[PDB]
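Trainee: Just passing along the structure, written as structure tokens.
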Amino acid sequence: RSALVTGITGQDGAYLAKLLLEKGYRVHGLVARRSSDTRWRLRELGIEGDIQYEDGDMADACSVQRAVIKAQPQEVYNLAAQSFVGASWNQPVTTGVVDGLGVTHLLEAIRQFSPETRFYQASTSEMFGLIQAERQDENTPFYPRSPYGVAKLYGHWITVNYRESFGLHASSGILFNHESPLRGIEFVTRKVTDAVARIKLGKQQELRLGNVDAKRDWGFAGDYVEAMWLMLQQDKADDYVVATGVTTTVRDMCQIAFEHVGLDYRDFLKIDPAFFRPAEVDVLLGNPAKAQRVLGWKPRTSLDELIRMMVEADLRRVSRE
Ligand SMILES: NC(=O)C1=CN([C@@H]2O[C@H](COP(=O)(O)OP(=O)(O)OC[C@@H]3O[C@@H](n4cnc5c(N)ncnc54)[C@H](OP(=O)(O)O)[C@@H]3O)[C@@H](O)[C@H]2O)C=CC1
Ligand SMILES: Nc1nc2c(ncn2[C@@H]2O[C@H](COP(=O)(O)OP(=O)(O)O)[C@@H](O)[C@H]2O)c(=O)[nH]1
């Protein structure tokens, strides 16, 4: 029972790897070459030594092919990506190559070497961007609002196309924002909790955010990776929206974070235009009805609980510096 997880050093890769290991999977994690060790998330989950690392890059089709061949995975989870919207306008090509073509690279590796391996594409609610429905489900028309959303949209559709064109068991998980103590510092939730922690510990004096009016459906990565796995356990591949069904403004989330340490965010929050987006996704609100009905998946961790554990995690990290 082998699984190839790209983006294994990322937030989801860590939680998914952990989940896969508990299920007896030999977990192969595709790791891009970095100048320094980037496996802290895997160590945080205590599974860094339980993964068979595959040296490769999503932009290098050959290395992706090689990793698939070496892993002989029954399941492939494509979590590798330039996953930050905030960087997609600066590097729209790498975003498209990695998040879009990278999917094709994996699908091709699968199609040409082991068409039976099940594939999971890490699609995103960002694809709904300018939401065409108050609550977005699998049938809500997509409307990407960033090179990231567009690249992912490509990733989503190419996955669907390979499923439909070759009968590949390829599924696109349209996951809405999910955070955790492993959430990248680039994302608003981790940025906030990290700031709250440093502010609380007197190592920081302010928190600079952009659009605090943006509404996000935030879930726990730990819960979401379960949906990914469940998706690949289905006999027939399909796409599913995975979300909490609850959307919150960055402001309130920010308030939740500071309040958790007895602070008033208003005392440190500073709106900085440098963090505004060229084309904003004002609100995301997912409808995971299909996932609950078919996968039996449902979110367990609420935003409050999520922010709490993140703040706690960052308080521990900051206090250890
Ligand atoms: N988290 C969310 O809220 C949402 C995320 N997603 C998507 O699901 C996936 C997992 O998200 P999450 O864990 O937060 O993402 P992260 O950004 O935390 O981690 C995934 C990344 O993939 C690796 N990666 C990036 N570029 C390449 C490359 N060219 N070749 C190989 N590996 C690469 C990164 O390594 P390195 O760090 O060294 O670059 C890192 O592991 C991503 O595809 C993301 O876009 C979908 C919906 C929502
Ligand atoms: N990353 C980030 N987002 C911010 C910031 N200030 C406000 N936001 C907004 O909060 C939302 C969530 O951003 P992010 O966590 O990056 O996830 P996204 O949903 O993938 O864009 C968006 O609408 C951002 O524009 C900030 O400093 N950083």
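In order, the residues displayed for chain A correspond to 3-323 in Swiss-Prot numbering, which applies throughout.
Method of determination (from the header): X-ray crystallography, 2.2 Å.
Any Cβ shown, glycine's included, is placed from N, Cα and C.
Relevant sequence annotations retrieved from Swiss-Prot are reproduced here:
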ACT_SITE  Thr126  active site
ACT_SITE  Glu128  active site, nucleophile
ACT_SITE  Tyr150  active site, nucleophile
BINDING   11-14, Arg36, 59-60, 81-85, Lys154, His180, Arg185  NADP(+) binding site
Trainee: For the recorded positions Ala82, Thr126, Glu128, which sit with their CB under 6 angstroms from an atom of ligand 1?
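Mentor: Correct list: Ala82, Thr126.
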Trainee: In which DSSP state, out of helix, strand and coil, do we find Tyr150 (active site, nucleophile)?
Mentor: helix
Trainee: Between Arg36 (NADP(+) binding site) and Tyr150 (active site, nucleophile), how far is it from one CA atom to the other, in Å?
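Mentor: Cα-Cα distance, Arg36 (NADP(+) binding site) to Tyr150 (active site, nucleophile): 22 Å.
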Trainee: According to DSSP, does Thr126 (active site) sit in a helix, a strand, or coil?
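Mentor: It is in a strand.
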Trainee: At a 10 A cut-off on CB-CB distances, which of the binding-site residues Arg36, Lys154, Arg185 has the highest count?
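Mentor: When each Cβ's neighbours within 10 Å are tallied, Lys154 tops the list.
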Trainee: Would you identify the secondary structure of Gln13 (NADP(+) binding site) according to DSSP, in three states?
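Mentor: DSSP call for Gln13 (NADP(+) binding site): helix.
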Trainee: I'm trying to understand the geometry here, so how far is the Cα atom of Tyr150 (active site, nucleophile) from the Cα atom of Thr11 (NADP(+) binding site), in Å to the nearest whole number?
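Mentor: Cα of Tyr150 (active site, nucleophile) to Cα of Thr11 (NADP(+) binding site) measures 20 Å after rounding.
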Trainee: Which whole-number value in Å describes the distance between the Cα atoms of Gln84 (NADP(+) binding site) and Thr126 (active site)?
Mentor: 12
Trainee: Using a 10 Å cut-off on CB atoms, tell me which of the binding-site residues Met60, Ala82 is the least crowded.
Mentor: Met60
Trainee: Around the Cβ of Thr126 (active site), how many other Cβ atoms lie within 10 Å? Please give the count over every shown protein chain.
Mentor: 28
Trainee: Near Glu128 (active site, nucleophile), which residues of its chain come within a Cβ-Cβ distance under 8 Å, counting only those 6 or more away in sequence?
Mentor: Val87, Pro146, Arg147, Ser148, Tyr150, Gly151, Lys154, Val283, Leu286
Trainee: Can you grab the distance from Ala82 (NADP(+) binding site) over to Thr126 (active site)? Cα atoms, rounded to a whole Å.
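Mentor: Each residue's Cα considered, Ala82 (NADP(+) binding site) and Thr126 (active site) end up 13 Å apart.
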Trainee: Provide the number of Cβ atoms within 10 Å of the Cβ of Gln13 (NADP(+) binding site), excluding the reference atom itself.
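Mentor: For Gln13 (NADP(+) binding site), the count of other Cβ atoms within 10 Å is 24.
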